[PDB]
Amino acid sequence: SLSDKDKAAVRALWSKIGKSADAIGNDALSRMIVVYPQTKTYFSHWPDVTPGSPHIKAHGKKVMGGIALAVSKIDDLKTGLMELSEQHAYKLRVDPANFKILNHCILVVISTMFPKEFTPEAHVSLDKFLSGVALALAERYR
């Protein structure tokens, strides 16, 4: 679970990097699809899933908006992300094993873009936060 120290670290990091949420998402989704090819099937209904695709870029904005929502709902991720859980579980049927893969890609992207801000202390709290986001997104699965 997230301590007050963790919540403060995540809010402070997001305060610094949030201006680049759209870029972080486009980059994170792009890497996920290339490095973990099994995830491409979920986006195959889009007319372009190749590197540089405008659909991946547009979707990246939505994904990091979900992370921004999670930061605002950090005190209760289960309630805050319930609708997103239902959508991934029932409408999209995204296998839940993939949440940790996108989380790792988000940490990689943040490291490439904000090396100074993404210190080991920012990383420990963000990692605990992303595990919490994954657990909340897994809510409606079983």
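We number the residues from 1 along the sequence you see. Whichever C-alpha set is largest while still superposing within 1.5 Å between the two forms counts as the rigid core.
Relative to the displayed structure, the C-alphas of 51 to 59 lie farther away on average in 8 other deposited structures of this protein than those of the other candidate, with 51 to 59 and 113 to 121 compared after rigid core superposition. Where the structures in 8 other deposited structures of this protein are fitted on the rigid core, 38 to 46 is the one of 38 to 46 and 66 to 74 whose C-alphas sit farther from the shown form on average. As listed in the deposited structure, the average C-alpha B-factor of 49 to 57 and of 110 to 118 is greater for 49 to 57.
The stretch with the higher mean CA B factor, choosing between 101 to 109 and 26 to 34, is 26 to 34.
Ranked against the other modelled residues of its chain, the C-alpha B-factor of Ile74 as given in the entry falls in the middle third.
Per-chain ranking of the deposited C-alpha B factor places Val63 in the middle third.
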